[PDB]
Amino acid sequence: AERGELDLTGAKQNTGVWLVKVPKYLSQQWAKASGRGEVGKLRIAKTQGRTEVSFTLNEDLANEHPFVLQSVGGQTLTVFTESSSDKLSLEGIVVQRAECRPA
Amino acid sequence: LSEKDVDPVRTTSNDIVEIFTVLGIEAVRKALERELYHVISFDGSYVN
Amino acid sequence: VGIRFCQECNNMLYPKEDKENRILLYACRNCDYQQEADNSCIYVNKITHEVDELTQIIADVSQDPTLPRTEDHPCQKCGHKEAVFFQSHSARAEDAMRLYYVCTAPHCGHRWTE
Amino acid sequence: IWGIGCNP
Amino acid sequence: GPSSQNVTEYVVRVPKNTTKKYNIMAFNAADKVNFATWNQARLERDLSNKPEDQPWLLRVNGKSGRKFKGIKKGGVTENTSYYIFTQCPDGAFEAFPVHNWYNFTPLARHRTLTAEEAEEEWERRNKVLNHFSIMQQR
Amino acid sequence: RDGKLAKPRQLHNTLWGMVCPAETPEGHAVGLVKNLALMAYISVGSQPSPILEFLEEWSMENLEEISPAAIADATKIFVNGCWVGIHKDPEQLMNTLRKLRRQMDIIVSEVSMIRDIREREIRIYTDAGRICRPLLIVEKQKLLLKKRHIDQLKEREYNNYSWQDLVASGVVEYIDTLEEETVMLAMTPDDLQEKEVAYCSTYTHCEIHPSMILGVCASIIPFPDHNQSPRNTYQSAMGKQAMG
Amino acid sequence: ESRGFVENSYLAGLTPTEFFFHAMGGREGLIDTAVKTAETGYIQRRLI
Amino acid sequence: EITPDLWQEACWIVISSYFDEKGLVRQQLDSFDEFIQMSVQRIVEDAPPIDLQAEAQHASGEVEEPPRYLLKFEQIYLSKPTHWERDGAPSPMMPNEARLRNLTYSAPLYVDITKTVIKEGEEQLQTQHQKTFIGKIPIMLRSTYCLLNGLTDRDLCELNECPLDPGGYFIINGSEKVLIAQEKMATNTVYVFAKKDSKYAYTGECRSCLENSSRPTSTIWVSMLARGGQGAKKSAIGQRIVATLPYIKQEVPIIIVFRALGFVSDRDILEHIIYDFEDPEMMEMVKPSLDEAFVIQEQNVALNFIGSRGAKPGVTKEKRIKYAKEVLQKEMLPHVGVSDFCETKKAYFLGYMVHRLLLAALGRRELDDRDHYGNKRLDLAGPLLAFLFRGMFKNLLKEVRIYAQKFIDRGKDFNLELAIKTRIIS
Amino acid sequence: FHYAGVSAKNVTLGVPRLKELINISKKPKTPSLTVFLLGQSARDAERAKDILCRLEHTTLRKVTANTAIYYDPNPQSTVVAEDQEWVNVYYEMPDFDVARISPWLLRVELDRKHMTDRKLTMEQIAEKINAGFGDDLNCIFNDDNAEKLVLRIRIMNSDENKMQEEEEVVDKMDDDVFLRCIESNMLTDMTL
Ligand SMILES: [Zn+2]
Ligand SMILES: [Zn+2]
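Chemist: Sorry if this is basic, but what is going on with the overall build of chain E here?
Modeler: Across its full length, chain E carries two helices and eight strands. Secondary structure of chain E in N-to-C order comes out as β-β-β-β-β-β-β-β-α-α. Over its C-alpha trace chain E gives a radius of gyration of 23 Å, far above what one expects of a compact globule, namely 14 Å for 138 residues. Taken over the C-alpha atoms alone, chain E extends approximately 70 × 45 × 30 Å along its principal axes. Classification of the 138 residues of chain E by burial places 38% in the buried group. Surface accessibility of chain E: about 7,900 Å² in total, with carbon and sulfur atoms responsible for 53%. Charged side chains in chain E number 21 positive and 15 negative. The centres of these two groups are separated by 5 Å.

Set out below in structure tokens:
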């Protein structure tokens, strides 16, 4: 227990997280309000041997985004946060990577 | 030249320096004349 | 034959004779890791360097408009008529005017030399 | 411009 | 069963501000990083100048464990943004922007040649003798 | 000029269509001073930023995890130098780039994009020095230039149709030497594109006219193909000296 | 045809590729003349 | 919808349209035009802002000791070509009159200069001198900034200029001068050549430049030494790859350079160099160079190795390390990156260079042709005048700095107008 | 160029050859030697070919198809499956194994085409290598009837046992590094 200690509890719990690459128009739409607590809805539909991921833009925000998955076996990624109280922590390990493409 | 079944009399090289070191200054005189004559008369040109 | 790396520092292992058991080893010089040699061969040199260039030929080459193609030689796998042929396209190939063939049509990429 | 034995 | 046709859809939340900034910690696959042995770790700004715009040094399990160096990503994402989705009891995805990207590479806990001795050894480039014995001597 | 090496002076094959073969000074500067061909153009330069942004949008993952992998990721996208990542699909990227060159969104007419199918590299050069020439575009065995374009150009004045509209339509394209290395050309449409004993059935471009390979001074030479080659150089030199 | 053979005569007129290859040959001849002058001049001065 | 056997009309109609829009000299003109606008602004922007303060030793106390003077060159302007008569009244200068009177057809160049002064009282003051005249740039005739531009043939005849005159030349001291395009080797491109008599069997060169913003070229060589040299260990090891990095006196082993970029592990270095680990031939090629650099296993040791061979030695060890690091970040592979974490990109590109050298050595790729005009670029009026203006504007900033430093050490004041020497650029 | 090809041998002619002769350059661009045959070898093509072979430099690299280095712990172990027979034969009455045997084996394989073109003999090559290098390199040669022409080279037996060296028991150049150096020396400097 020290200032430089890293809270590895997220790693111990093996929390899985998803990393997504999204375009600038979507991020700027989100940042416009950024305080309403809502930006859209993520819908995942699974079939017998195929899964598809899509994101629907909020109707207020607009005034379909398919997701393409990428293999994460070639690199191990983890997410760590630097708290404002100087308490570093680990949130989880990245188990899937995705990219958002315009329609 | 000293190899077996190689004619010692007529075996010659184009390198005038080798002809010097091996066969002497007179041999170089003749060999240099031969080489110059060859390069001059390859075109068919004749120099006295 | 190939080069293998250490499992601790990811440096290059080197072959070392085990004097006691007479078994070839690979040891990392920067640490104490050791692994027994399975292949038992170390240094192979092909002076004639005869290498099948079919390993060096890319299937994508079938998409080049600047290459010649014939319908005479069909592919073995799919029996496609178009086949794009080309010479070695390599330096230090000794003397080889042999034609290598690459099958057109998507994703077949079969390569035969006749 | 003629051949290999001639001139260029 | 339901697993062959399950459809899951979750709400997305993006808070305006978070007390803790979010970064990316990426390890090379060949390094074989394992968190089971990570009893303790120390992440701090480097002192190679012997702050916010300097690389990071990680020392896992103190000096006995492996050390890693992480460098921020030079290429800025002027036309890209990265977000992380985390499971929460409310069942809605939360997206947090990636403040920084770090690639951590390890340094072996092996004996390190001193600079003066290294220069002296390089003076004798033609090391006819075995290099492994030379390393053992050091 | 002092160097007597006969390597830098010789007419290289790549000079075709971009430097006059006949027009060179004679003396210490044979083959060292050259003249542009009639249709040759020299790139003025452009910012590579929009091309990089398009590549990022399409794919071209940079800072990947040793993904080349025997170039499993076909092709490595280069820009004016600067390896900027690689793509899994090279042919779709090349076709999309050509379509963009037609629409003139991100690719100006001068932007040069070369894919080396073997060795798997795409170079995408826009560096202000490249010498390029206009070539007609051949799709299948048919030139894209058609009677509509020629009729509109024939009425050029009071029809506000010009060469830039021909470029915008995608009928013609500027190709530099690097792209000339990857392009199948036909000297003439009728003689070559038309179906015969098939030499090539993959022509991608057609020369507007062969005579444009000559320069300004060699272009005045009448029937230059019936003269010995040094005589055309002599006439270039002497036509620079004519009184008028 | 690909490697430079010109089947047309001067009276008939060279085709464009034959024209370029003929230009390559003529350029080589001109370069040879221009390079020759200086080397031969140096040799002549040395001999004299 | 086709045009068969009517082609002889069609080709010459399209050629006519081409030469109607452009003309023959469009290279020169276009180059110059681009140059002016883009290049001048870029150069004025790219030059470092002038930083200046009085010497602390000269004056006692710290109340006003750092009077920081900062000069920034905001924006560029060019007027139409103008002649300033002896009376001083500006007049438009027609090209024909410049030829007749032996004048120079040039246009004045004005830069907005913002002077911000910090007196250490935190009351920084910004004063903007607008349209400050720094020099005169000769104007290429019939370019966009020439007076003859956009004039119909009747108007050209009124000015005693030929409608048929192409333009593309400058009138300097009354004489028409034509910039001749200069051939050069292509920049930011890896070319592998073989030199017969060199100690290297193959050499891969990259004449890297950062958009020609500065440093015309920064060439770096990666060359594989020939195995012709015979020695016991030399025969055992075979050919080794060395790097002729810029600003370094002698050769540096390539693996040491890779470790200086922070990639210490041999596996990572080979990942950058050998993209396919499965191929045995390239691994065997790279092995001896790894043997050569087995001594240095740390980034700091590699940086010290580079610094020791630097052209100017550093007395302090850490001084050498810092010098080597900054030299790598700036001079080596500038086009790839120049700052921050471009080290990974530089490592990838240097591995590409080594990989291309290995492919050439193995015969998998053919050696580049220097005469191939794809490997060549042509410097027109634009790049040449841009290089000239880079040099002269740097000298102008230097002279402004000298005058300013004198007047600041006095502490009296500084005047931008007196510091600028239009003689320099003009 | 444009020299008439009477024979397949290039010759400097014209101004460059005049430069060479006039400058008496130590290094001619194309040093050549015309050799006339004294006896019936001039008339008969086979004897002339024999003279040509005797006069043309031949290195071991020219006749070597491929070279490999195997760590063989025991001669009887025969890590390579093929040599198991002939090694056994040579070790039916082993020679020079009394001191010791090298644990490393250089198994050179020669191309039959080059061997028969130069009319070289396995005994000839083995004698040259063994005699020139000395007792240190021990060579086992295959029969010419065997499909593969194999030369198995091992480092000094007494040097392996180290009784002959005495002095300090310290490896010099290890053994495999020394064997690689030997291989390079044989490839470029054998002068068979
Ligand atoms: Zn290790
Ligand atoms: Zn097929």
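Still to come is the rest of the account.
Chemist: How do you make sense of the overall build of chain I when you look at a structure like this?
Modeler: Secondary structure assignment for chain I yields eight helices and five strands. Reading the secondary structure of chain I in the N-to-C direction produces α-β-α-α-β-α-β-α-α-β-β-α-α. With respect to the three principal axes, the spread of C-alpha positions in chain I is 65 × 40 × 30 Å. Counting contacts in chain I only where the partners sit at least 6 residues apart, residues at least 24 apart contribute 66% of the total. Accessible surface computed for chain I: about 10,900 Å², of which carbon and sulfur atoms make up 54%. Here chain I contributes 25 positively and 34 negatively charged side chains, and the mean placements of these two sets differ by 14 Å.

Chemist: How do you make sense of the interface of chain G and chain I when you look at a structure like this?
Modeler: At the interface, six residues of chain G touch six residues of chain I. Between chain G and chain I, roughly 480 Å² of surface is buried when both sides are summed, and carbon and sulfur atoms account for 72% of that area. The interface formed by chain G and chain I holds zero salt bridges in total. Between the two partners, chain G and chain I, sit one residue pair in polar contact. For the side of chain G that touches chain I, the residue count by class is two nonpolar, one polar and three charged.

Chemist: How should unusual backbone geometry be read in this particular structure?
Modeler: Most peptide bonds take the trans configuration, and most residues that are not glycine carry a negative phi. Although it is not a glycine, H:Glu120 sits at a positive phi angle of roughly 70 degrees. Secondary-structure assignment places H:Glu120 in the loop between strand 5 (106-118) and strand 6 (125-138). Classification of H:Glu120 as partly exposed rests on a relative accessible area of 47%. Residue I:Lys119 is not a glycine yet carries a positive backbone phi of 60 degrees. Looking at where I:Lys119 falls in the secondary structure, it is placed in the loop between helix 5 (112-117) and helix 6 (122-133).

Chemist: Sorry if this is basic, but what is going on with the coordination of the zinc ion (ligand 1) here?
Modeler: Six octahedral donors at a metal ideally form angles of 90 or 180 degrees, and four tetrahedral donors ideally form angles of 109.5 degrees. Residues and elements named next belong to chain C. At 2.3 Å from the zinc ion (ligand 1) lie its protein donor atoms, namely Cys6 (SG), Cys9 (SG), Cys28 (SG) and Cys31 (SG). The site at the zinc ion (ligand 1) holds four donor atoms, and with the angles between them running 101 to 118 degrees, its shape is tetrahedral. Every donor residue of the zinc ion (ligand 1) comes from the same chain, spaced as C-x2-C-x18-C-x2-C. Taken as a pair, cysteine 6 in the segment before strand 1 (13-17) and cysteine 28 in strand 2 (residues 24-28) lie far apart in primary sequence, 22 residues in all. The burial state of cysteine 6 is the same as that of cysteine 28; both residues are buried.

Chemist: What is the right way to look at the interface of chain E and chain A in this model?
Modeler: The extent of an interface is frequently quoted as the accessible surface area lost upon association of the parts. Of the residues lining the interface, 51 residues belong to chain E; the matching set on chain A comes to 50 residues. Run the count over chain E and chain A and you get two salt bridges. In this structure, A:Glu91 engages E:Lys20 in a salt bridge whose closest nitrogen and oxygen atoms are separated by 3.1 Å. In this structure, the connection of chain E to chain A is made through 21 residue pairs in polar contact. Sort the elements by how many residues they give to the side of chain E that touches chain A and strand 2 (residues 21-28) of chain E lands first, with eight residues. Of the residues that constitute the side of chain E that touches chain A, the class distribution is 27 nonpolar, 17 polar and seven charged. Pairing between strand 1 (residues 16-22) of chain A and strand 6 (residues 81-86) of chain E: six bridges, direction antiparallel. In the strand pairing of strand 6 of chain E, A:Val22 is matched with E:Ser81.

Chemist: Help me understand the environment of B:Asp43, please; the structure alone is not making it clear to me.
Modeler: By secondary structure assignment, the location of B:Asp43 is in the segment after helix 2 (25-41). Look at B:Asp43 and you get exposed, because its relative accessible area is 66%.

Chemist: Help me understand the coordination of the zinc ion (ligand 2), please; the structure alone is not making it clear to me.
Modeler: Residue and element names in this part refer to chain C. The zinc ion (ligand 2) binds to the protein through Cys75 (SG), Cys78 (SG), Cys103 (SG) and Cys108 (SG); the donor distances cover 2.3 Å. Read in sequence order, the donor residues for the zinc ion (ligand 2) give the motif C-x2-C-x24-C-x4-C. Taken together, the positions of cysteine 75 in the loop between strand 5 (69-70) and strand 6 (83-86) and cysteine 108 in the loop between strand 7 (100-103) and strand 8 (111-113) put the pair 33 residues apart, joining distant regions of the chain. You can call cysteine 75 buried: its relative accessible area is 6%. Residue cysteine 108 is classed as buried on the basis of its relative accessible area of 19%.

Chemist: Mind showing me how you'd approach the sheet that holds strand 2 (residues 68-78) of chain H here?
Modeler: Strand pairing in a sheet is mediated by backbone hydrogen bonds. Such pairs are either parallel or antiparallel. Residue and element names in this part refer to chain H. Spatially, four strands are ordered 1-2-5-6 in an open sheet, and the strand pairing comes out antiparallel. With one partner strand each, in any of the chains shown, strand 1 (50-52) and strand 6 form the two edges of the open sheet. Averaged over all pairs of adjacent strands, the angle between strand axes in this sheet comes to 25 degrees, irrespective of strand direction. Sheet topology note: the strand 5/strand 6 ladder contains eleven bridges and is antiparallel.

Chemist: What is the right way to look at the sheet that holds strand 7 of chain C in this model?
Modeler: The strand order 5-6-7-8 (chain C) describes an open sheet built from four strands, whose pairing is antiparallel. Whereas interior strands pair on both sides, the edge strands pair on one side only; in this sheet they are strand 5 and strand 8 of chain C.

Chemist: Quick question: what am I supposed to make of the pairing of strand 3 (residues 51-57) of chain A here?
Modeler: Within a regular strand, the side chains alternate between the two sheet faces. Residue and element names in this part refer to chain A. As judged from the seven bridges shared by strand 2 (residues 40-46) and strand 3, these two strands associate in the antiparallel manner. Of the residues in strand 3, the one forming a bridge with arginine 43 is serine 54. In textbook terms, the turn of a hairpin is the stretch between consecutive antiparallel strands, and for strand 2 and strand 3 this stretch comprises four residues. Both strand 3 and strand 4 (residues 65-70) contribute to a ladder of three bridges, which runs antiparallel. Residue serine 54 lies in a different strand from strand 4, and its bridge partner there is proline 66.

Chemist: What is the right way to look at the arrangement of the chains in this model?
Modeler: The interface with the highest contact count, out of 17 pairs of chains in contact, is the one between chains A and E. For chain E and chain G, which are not in contact, the least C-alpha distance works out to 46 Å.

Chemist: Just to check I follow, could you spell out a negative patch on the surface for this structure?
Modeler: A cluster of acidic residues, E:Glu78, F:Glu53, F:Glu56 and F:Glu57, forms a negative patch on the protein surface. By the element assignment, F:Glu53 lies in helix 1 (residues 49-58).

Chemist: Help me understand the state of the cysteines, please; the structure alone is not making it clear to me.
Modeler: In protein chemistry, a disulfide is the covalent bond that joins the sulfur atoms of two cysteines. Here the structure, examined in full by the defined rule, presents zero disulfides over all chains. Looking at the unpaired H:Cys342, the closest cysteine sulfur is the one in F:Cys82, lying at 11 Å.

Chemist: Could you clarify how one ought to interpret the environment of H:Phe341 in this entry?
Modeler: Following the sequence through the fold, H:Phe341 ends up in the loop between helix 10 (317-330) and helix 11 (343-362). For H:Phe341 and H:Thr116, which are 225 residues apart along the polypeptide, the C-alpha to C-alpha distance reads 32 Å. H:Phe341 has contacts with E:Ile71, E:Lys72, E:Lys73 and E:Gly74, leaving out every residue within four places of it along the chain.

Chemist: Looking at this structure, I do not really get the pairing of strand 7 (residues 172-176) of chain F. What am I missing?
Modeler: Counting buried residues along strand 7 of chain F, five of its five residues qualify, which places the element largely inside the surrounding structure. With burial as the criterion, each face of strand 7 of chain F is covered, one bearing F:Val172, F:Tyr174 and F:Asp176 and the other bearing F:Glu173 and F:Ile175.

Chemist: Before we go on, may I ask you to explain helix 12 (residues 381-410) of chain H in this structure?
Modeler: The periodicity of an α-helix, 3.6 residues per turn, causes residues three or four places apart in sequence to face the same way. The terminal C-alpha atoms of helix 12 of chain H, which comprises 30 residues, lie 43 Å apart, in line with the 44 Å expected from a rise of 1.5 Å per residue. Count one or two residues on from helix 12 of chain H and you reach H:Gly411, which has phi positive near 85 degrees.

Parameters at a glance
Residues numbered from 1 in each chain as written, not as in the entry; some residues may be left out. Chains lettered and ligands numbered in written order. Part of a larger assembly, values for the part shown. Heavy atoms only, no water. Helix = DSSP H or I, 4+ residues; strand = E, 2+ residues; numbered from the N terminus. Rg over C-alpha atoms; globule rule 2.2 N^0.38 Å. Buried < 20%, exposed > 50% of the residue type's maximum accessible area, 1.4 Å probe, protein only. Areas by Shrake-Rupley, 256 points an atom, 1.4 Å probe, with all protein chains shown as cover. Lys, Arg positive; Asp, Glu negative; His and termini not counted. Charge placed at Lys NZ, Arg CZ, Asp CG, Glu CD. Contact = heavy atoms within 4.5 Å. Buried area = accessible area lost by both parts, 1.4 Å probe. Salt bridge = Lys/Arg side-chain N within 4 Å of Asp/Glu carboxyl O. Polar contact = N/O pair within 3.5 Å; in protein donor to acceptor, adjacent residues only side chain to side chain. Nonpolar A, V, L, I, M, F, W, Y, C, P; charged D, E, K, R; others polar. Donors = N, O, S within 2.8 Å, 3.2 Å for Na, K, Ca; no water. Tetrahedral: all angles 85-135°; square planar, octahedral: opposite > 155°, others 65-115°. Pairing = 2+ DSSP bridges. Axes fitted to C-alpha atoms, helices over the stretch in contact; angles between N-to-C directions. Patch = residues over 30% accessible without salt bridge, like charges linked within 9 Å, V, L, I, M, F, W, Y side chains within 5 Å. Disulfide = S-S within 2.5 Å. Expected span 1.5 Å × (residues − 1).

In short, the description is geometric, and any link to function would need to be established separately.
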